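Peer 1: Protein chains in written order, with the deposited numbering: chain A, 4 to 339; chain A', 4 to 339; chain A'', 4 to 339. A prime marks a further copy of an entry chain.
Heads up, the beta-carbon is just placed ideally off N, CA and C, and yes, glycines get one too.
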Amino acid sequence: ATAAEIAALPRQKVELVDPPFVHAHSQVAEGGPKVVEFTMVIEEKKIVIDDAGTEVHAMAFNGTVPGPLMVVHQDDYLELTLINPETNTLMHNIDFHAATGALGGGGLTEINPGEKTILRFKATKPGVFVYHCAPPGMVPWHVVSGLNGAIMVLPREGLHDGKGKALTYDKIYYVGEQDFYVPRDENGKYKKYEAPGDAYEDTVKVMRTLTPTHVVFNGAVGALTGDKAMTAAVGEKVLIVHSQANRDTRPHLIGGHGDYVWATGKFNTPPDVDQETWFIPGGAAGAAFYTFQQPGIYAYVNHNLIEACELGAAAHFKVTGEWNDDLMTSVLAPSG
Amino acid sequence: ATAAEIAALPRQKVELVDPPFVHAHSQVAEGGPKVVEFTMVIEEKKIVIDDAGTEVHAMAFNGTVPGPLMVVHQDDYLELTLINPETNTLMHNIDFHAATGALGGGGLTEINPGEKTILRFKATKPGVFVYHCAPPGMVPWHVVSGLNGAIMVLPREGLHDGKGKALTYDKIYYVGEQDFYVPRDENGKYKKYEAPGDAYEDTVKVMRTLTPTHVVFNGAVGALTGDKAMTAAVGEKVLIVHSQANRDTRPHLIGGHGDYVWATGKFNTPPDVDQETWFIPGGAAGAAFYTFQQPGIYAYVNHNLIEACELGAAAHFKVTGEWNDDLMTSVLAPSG
Amino acid sequence: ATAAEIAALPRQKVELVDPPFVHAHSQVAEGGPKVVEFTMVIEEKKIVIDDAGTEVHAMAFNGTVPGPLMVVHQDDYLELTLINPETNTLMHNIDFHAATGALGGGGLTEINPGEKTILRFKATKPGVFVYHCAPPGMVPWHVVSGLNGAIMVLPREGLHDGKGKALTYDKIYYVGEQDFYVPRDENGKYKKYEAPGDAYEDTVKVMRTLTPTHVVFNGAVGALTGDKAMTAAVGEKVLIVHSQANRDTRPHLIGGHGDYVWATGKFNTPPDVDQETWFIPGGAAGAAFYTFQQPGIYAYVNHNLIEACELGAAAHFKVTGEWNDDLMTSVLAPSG
Ligand SMILES: [Cu+2]
Ligand SMILES: [Cu+2]
Ligand SMILES: [Cu+2]
Ligand SMILES: [Cu+2]
Ligand SMILES: [Cu+2]
Ligand SMILES: [Cu+2]
């Protein structure tokens, strides 16, 4: 398409929402290609990532870790306004793995504090894709400080199985997983720093161990548990998008399955089926479709259970509905 | 099916055998759905895991690491009697990744020492699947102390390739891989503890390094080597089921291939073919089908060769038969 | 085929070239099966792997890390002459993951300094495959000292997509990724050793951490950057073969995609498509096909960005041609 042709396309104008929720959208595209407009502001801010008050100097798109999920359809244009407030201290940019050219957009979006930029790309490939900040020379430090999220480029006809039959979800959640590398003093106690730059040298040394101190969903241990558990009902169809911008993960729904899993995240690659535990390499997003069949609590984890239970990578679903004794029953309850 | 309908199905009544062997079964289902009955008892016991006499306080289904492979067919019911002897000190339960509901069955099977329980689930999905103990708050500690194994849910028509043609094995082996985290004193020597609870605090600290001290097959360095090597003949078709309940692995048959590999473990996901080294994420089982073409020794390894050769993850096959010079020949033997 | 039948086949006689370049070959086979002849000599030599002058006692096929890519077609015979100079101090051999029998050929090729050997195998399976040295009892030490590479066994009809349509590349590159484990003194400074044997004990201890000090492409930090960047033009079709003999990797072309990716490396396993970041397990090769659509610099990385940016796993492409504003445009350049 020419400049005039793109300028003539309909616009929309989307208000991004905080994960794990996803902004309103339609599974099947409404009409022809659009220029879909998104705005994000980068926040440099202290966050608490565990129950012991561990503080990190986050970088965070729209103030959240992960940044929000942007949803468009194949062959739409995604037009992002990115704002770096003058109160920030660092240059930031954005690399969309969905995009083609200029280091994912990183080369065209380097904004110092007090600057903004608008990037447009054609979403030519359907799938879920990571995005992250990527300032030359300080790439992993921004990413593992929280500056990453994902987008979903839906097929224009929505999702399908391997034989071309429709898969339509009732709800969608976006789980971003973050590996954090928090320095410790000689006594083994997590360190606090007055300014983010004070933390840099110490942080790189921990990063070089390739051993995170915390691996969390939605930015903190227990962020998707308790009152903040995800929810569903028996019979409900749920898409769970999962991303990890820097490090491998292996999602597992404890008590369920991934009925269909695009483990590569790419919708033209047929989904795996009946999955127990799927695998998403660092630098990618994946997505799993599941129909709940049993009510109760479910845990959704990185199935390195040390990472899940000791380091923070565990979420919950609370599911309403009627128990199915055919699928599972206690024939004899625990008894002496 | 209703309660009366399930109660009316034929029963069987399987005697589990120690890995890497697998209990008698039929590849193609014999008749309609059955309730297949299994019993396991959990043993808390000291085991030796290497050649230097390193001792671990195991937890072990039927006294082995891994626990035994249970084989049923799709849409059978698996009915497990699980017994926790009064001489044990800890509560245990079981999560079947093949099952749907109540945290894989974990929520319905919490048995203290001196208790038993019977769980029944419908095996709705064909594949190989991990099972493991999962007591709330001490999940990875039980799993990496040895309390895991796998099941196989065969399609009712047995295994097939990607074009629907039968794949029938002559023999099957189950290789369970276990990551152990053994504490060391200030001198670097592995520690022994009088009681398992004495080892807990020290063990968690090693687990949090995400760096195992030992990665072993069938519960010990060299457990599947020497007199205990697996065996085959040229022309024989072998299924090798492999599981890892907590950590990634990358199996490789040195001198062979995975002719067909269900790397996800799930039989409705078509197998990869002609594999050199396949990948199984922590929290999953996978399976590889191979027809031996050459006699001699083979090594079967986790192809992180540090894990294989330094940490224990190596097994052998001894294969009988006639050498094939077409496939491989020494044109000039090593010579000055 | 019989001995006389193989002896009667046409020969060729290939001169191996240094990575990332690949020796001349034809995508579609020219005529019937051939015996394709390759010669490599193993060099034990000091190399510098980073910008700070870090020295390793390499072992290196034809003096390079990785060793060169050998290209044959399915059902050709690969006949390798392997030479271990008398100035070397260690026995070496070779395991071809493409081969069937005798530990990949390792059992038939053990050559002491001053010896040579000639091994022939039938390349029965199409794909890219790792090869590496594998001396009993010192396997990972030779591999992670640099003694590995890959081969490509092309289908006789060349490459195809999932629907059988031809995929013909304009150029091919071979990226070998190497994990190095370099000892440090108490002050944290990398150690130099007079003889390779002096480094052994210290090296094993670092290897057992499973934490590499360096993860590099083509044998050194920045080896495929600057003047040594790979190159392409807009519209050009490029195959990128990637191998890792010991450890997982997750390749990503920053600013592009893997249009078709044989992530398992095996051509009879249909390629994934539209990939952002693919995954190659340790002990395997994979291959990605991409048509460049935008000019400029691209980074090609292991997308654990700590491994990429801190440990060395990053390469560049410099791509000529006309910018495509449809695919991507800066609507508003960075501005206050
Ligand atoms: Cu940034
Ligand atoms: Cu990226
Ligand atoms: Cu237990
Ligand atoms: Cu589990
Ligand atoms: Cu060697
Ligand atoms: Cu190998």
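Just list the beta strand (DSSP E) runs in the stretch 77–112 of chain A', keeping only unbroken ones of 3 residues or longer that don't cross its boundaries, in chain order.
Peer 2: 80–87
Peer 1: Near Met-210 (chain A'), what residues of its chain come up, given a Cβ to Cβ distance below 7 Å and the 5 sequence neighbours on each side ignored?
Peer 2: Start at 1 with the first residue of the second sequence, and residue 210 (chain A') comes out as number 207. For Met-210 (chain A'), where only same-chain residues beyond five positions count, the Cβ hits under 7 Å are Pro-143, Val-147, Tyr-184.
Peer 1: Would you mind telling me which residues of chain A' sit closer than 7 Å to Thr-212 (chain A''), beta carbon to beta carbon, in chain order?
Peer 2: The count along the third sequence starts at 1 and reaches residue 212 (chain A'') at position 209. The answer, in chain order, is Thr-214.
Peer 1: Quick one: is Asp-329 (chain A'') near chain A, going by C-beta distance under 8 Å?
Peer 2: Looking up residue 329 (chain A'') in the third sequence gives position 326. So, interface residue.
Peer 1: For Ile-114 (chain A''), which residues in chain A' fall below 7 Å Cβ to Cβ?
Peer 2: Against the third sequence, residue 114 (chain A'') aligns to sequence position 111. Residues of chain A' passing the Cβ test: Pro-337.
Peer 1: State yes or no: is the C-beta of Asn-271 (chain A) within less than 8 Å of the C-beta of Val-276 (chain A'')?
Peer 2: The sequence position of residue 271 (chain A) within the first sequence is 268, counting from 1. The sequence position of residue 276 (chain A'') within the third sequence is 273, counting from 1. Yes, they are a contact pair.
Peer 1: Of the choices A:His-76, A:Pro-69, A:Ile-257, whose alpha-carbon is the least far from that of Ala-318 (chain A)?
Peer 2: If you number the first sequence from 1, residue 318 (chain A) lands on position 315. Of the candidates A:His-76, A:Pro-69, A:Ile-257, the one whose C-alpha sits nearest the C-alpha of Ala-318 (chain A) is A:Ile-257.
Peer 1: So is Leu-122 (chain A') in contact with chain A if we call contact Cβ pairs under 8 Å?
Peer 2: As a working mapping, residue 122 (chain A') is identified with position 119 in the second sequence. So yes, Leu-122 (chain A') belongs to the interface.
Peer 1: Evaluate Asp-188 (chain A'') with the Cβ neighbour count: other Cβ atoms within 10 Å of its Cβ, from every protein chain shown; 16 or more gives buried, anything less gives exposed.
Peer 2: On the third sequence, position 185 is the one that residue 188 (chain A'') refers to. Exposed, by the Cβ-count rule.
Peer 1: Report the CB separation of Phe-124 (chain A'') from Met-233 (chain A'') in whole angstroms; it is logged as a contact under 8 Å.
Peer 2: The sequence position of residue 124 (chain A'') within the third sequence is 121, counting from 1. The sequence position of residue 233 (chain A'') within the third sequence is 230, counting from 1. Contact doesn't hold; Cβ gap of about 30 Å is too wide.
Peer 1: Between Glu-113 (chain A') and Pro-129 (chain A'), is the Cβ-Cβ spacing less than 8 Å?
Peer 2: Within the second sequence, numbered from 1, the residue matching residue 113 (chain A') stands at position 110. Within the second sequence, numbered from 1, the residue matching residue 129 (chain A') stands at position 126. Going by C-beta atoms, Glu-113 (chain A') is not nearer than 8 Å to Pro-129 (chain A').
Peer 1: If you scan the stretch 27–80 of chain A from start to end, which runs of the beta strand (DSSP E) of 3 or more residues do you find wholly inside it?
Peer 2: 38–51, 58–64, 73–76
Peer 1: Is the beta carbon of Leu-308 (chain A') within less than 7 Å of some heavy atom of ligand 5?
Peer 2: If you number the second sequence from 1, residue 308 (chain A') lands on position 305. No, the Cβ of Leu-308 (chain A') stays beyond 7 Å of every heavy atom of ligand 5.
Peer 1: Roughly how many angstroms lie between the CA atoms of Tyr-177 (chain A) and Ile-243 (chain A), to the nearest whole one?
Peer 2: Looking up residue 177 (chain A) in the first sequence gives position 174. Looking up residue 243 (chain A) in the first sequence gives position 240. Going by the C-alpha atoms only, they are around 6 Å apart.
Peer 1: Rounding to the nearest angstrom, what Cα-Cα distance links residue 3 (chain A) and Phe-99 (chain A) in this structure?
Peer 2: In this structure chain A extends from 4 to 339, so residue 3 (chain A) is not present and cannot be described.
Peer 1: Which two residues bound the contiguous beta strand (DSSP E) that contains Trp-265 (chain A'')?
Peer 2: Position 262 of the third sequence, counted from the first residue, corresponds to residue 265 (chain A''). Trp-265 (chain A'') -> beta strand (DSSP E) spans 261–265.
Peer 1: Check whether the stretch 328–337 of chain A' and the stretch 149–162 of chain A'' are in contact - that is, three or more C-beta pairs closer than 8 Å.
Peer 2: no
Peer 1: Going by Cα to Cα distance, which pick from A:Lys-174, A:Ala-61, A:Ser-246 is closest to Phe-282 (chain A)?
Peer 2: Residue mapping note: residue 282 (chain A) aligns to position 279 of the first sequence, counting from 1. Ranking A:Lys-174, A:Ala-61, A:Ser-246 by Cα distance to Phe-282 (chain A) puts A:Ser-246 first.
Peer 1: Under the assumption that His-217 (chain A) contacts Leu-150 (chain A) (Cβ atoms under 8 Å), give the Cβ distance between them as a whole number of angstroms.
Peer 2: Along the first sequence, read from residue 1 onward, the residue named residue 217 (chain A) stands at position 214. Along the first sequence, read from residue 1 onward, the residue named residue 150 (chain A) stands at position 147. Going by Cβ atoms, the distance from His-217 (chain A) to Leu-150 (chain A) rounds to 16 Å, so no, they are not a contact pair.
Peer 1: How many angstroms separate the CA atom of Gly-70 (chain A'') from the CA atom of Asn-221 (chain A'')?
Peer 2: As a first step, residue 70 (chain A'') must be located in the third sequence, where it is residue number 67. As a first step, residue 221 (chain A'') must be located in the third sequence, where it is residue number 218. The alpha-carbon atoms of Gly-70 (chain A'') and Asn-221 (chain A'') are separated by roughly 9 Å.
Peer 1: Does the stretch 298–310 of chain A come close enough to the stretch 101–108 of chain A' that 3 or more CB-CB pairs lie under 8 Å?
Peer 2: yes
Peer 1: For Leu-85 (chain A''), is the beta carbon positioned less than 7 Å from some heavy atom of ligand 5?
Peer 2: Numbered from 1 along the third sequence, position 82 holds the residue referred to as residue 85 (chain A''). No, Cβ of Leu-85 (chain A'') sits at least 7 Å from all heavy atoms of ligand 5.
Peer 1: Considering only the beta carbon of each residue, do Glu-180 (chain A) and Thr-252 (chain A) sit closer than 8 Å?
Peer 2: Stepping through the first sequence from its first residue, residue 180 (chain A) is reached at position 177. Stepping through the first sequence from its first residue, residue 252 (chain A) is reached at position 249. For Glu-180 (chain A) and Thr-252 (chain A), yes; Cβs fall inside 8 Å.
Peer 1: Quick one: complete beta strand (DSSP E) runs, 3+ long, within the stretch 230–275 of chain A?
Peer 2: 233–236, 240–247, 254–257, 261–265
Peer 1: Taking a cut of 7 Å between CB atoms, which residues from the stretch 287–298 of chain A lie near chain A'?
Peer 2: Listed by position, the residues of the stretch 287–298 of chain A near chain A' (Cβ gap below 7 Å) are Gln-296, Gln-297.
Peer 1: Thinking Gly-285 (chain A) and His-306 (chain A'') are a contact (beta carbons under 8 Å), I'd like their distance in whole angstroms, please.
Peer 2: As a position in the first sequence, residue 285 (chain A) is number 282, starting the count at 1. As a position in the third sequence, residue 306 (chain A'') is number 303, starting the count at 1. About 5 Å; that satisfies the 8 Å criterion.
Peer 1: Anyone know if the C-beta pair for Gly-140 (chain A) and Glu-118 (chain A') falls short of 8 Å?
Peer 2: Working through the first sequence from its first residue, we reach residue 140 (chain A) at position 137. Working through the second sequence from its first residue, we reach residue 118 (chain A') at position 115. Result no, Cβ atoms of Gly-140 (chain A) and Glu-118 (chain A') do not sit closer than 8 Å.
Peer 1: Give a yes or no on whether 8 Å exceeds the smallest Cβ distance from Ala-32 (chain A) to chain A''.
Peer 2: Taking the first sequence and counting its residues from 1, one reaches residue 32 (chain A) at position 29. Not closer than 8 Å to any Cβ of chain A'', the Cβ of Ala-32 (chain A) fails to qualify, so no.
Peer 1: Would DSSP call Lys-321 (chain A) helix, strand or coil?
Peer 2: Position 318 of the first sequence, counted from the first residue, corresponds to residue 321 (chain A). In the structure shown, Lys-321 (chain A) sits in a strand (DSSP, three-state: E or B).
Peer 1: Please decide whether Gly-108 (chain A'') counts as near chain A', where near means a Cβ-Cβ distance under 8 Å.
Peer 2: Position 105 of the third sequence holds residue 108 (chain A''). Chain A' contact via Cβ: present.
Peer 1: Could you check whether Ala-290 (chain A'') and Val-59 (chain A'') sit closer than 8 Å to each other, using their CB atoms as the reference points?
Peer 2: The residue you call residue 59 (chain A'') lines up with position 56 of the third sequence. The residue you call residue 290 (chain A'') lines up with position 287 of the third sequence. No.
Peer 1: For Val-178 (chain A), which beta-bridge partners are listed by DSSP?
Peer 2: For the purposes of this step, residue 178 (chain A) is taken as the residue at position 175 of the first sequence. Beta bridge pairing from DSSP links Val-178 (chain A) with A:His-245.
Peer 1: Hey, is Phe-320 (chain A'')'s beta-carbon within less than 8 Å of any beta-carbon in chain A'?
Peer 2: For this step, residue 320 (chain A'') is matched to residue 317 along the third sequence. Chain A', which has no Cβ nearer than 8 Å to the Cβ of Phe-320 (chain A''), makes this no.
Peer 1: Give me the Cα-Cα distance between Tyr-172 (chain A) and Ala-235 (chain A), rounded to the nearest whole angstrom.
Peer 2: Taking the first residue of the first sequence as position 1, residue 172 (chain A) is located at position 169. Taking the first residue of the first sequence as position 1, residue 235 (chain A) is located at position 232. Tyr-172 (chain A) and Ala-235 (chain A): Cα-Cα distance of roughly 12 Å.
Peer 1: Give every residue of the same chain whose Cβ lies closer than 8 Å to the Cβ of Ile-52 (chain A), excluding the five residues on either side of it in the sequence, and list them in chain order.
Peer 2: Looking up residue 52 (chain A) in the first sequence gives position 49. Once the five neighbours on either side are set aside, the close Cβ partners of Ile-52 (chain A) are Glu-58, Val-59, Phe-183, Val-185, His-217, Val-219, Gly-222, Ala-223, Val-224, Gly-315.
Peer 1: Starting from the beta carbon of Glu-118 (chain A''), find every residue of chain A' whose beta carbon is closer than 7 Å, and list them in chain order.
Peer 2: Position 115 of the third sequence, counting from 1, holds the residue named residue 118 (chain A''). Going along chain A' in sequence order, the residues near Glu-118 (chain A'') (Cβ under 7 Å) are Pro-337, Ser-338, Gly-339.
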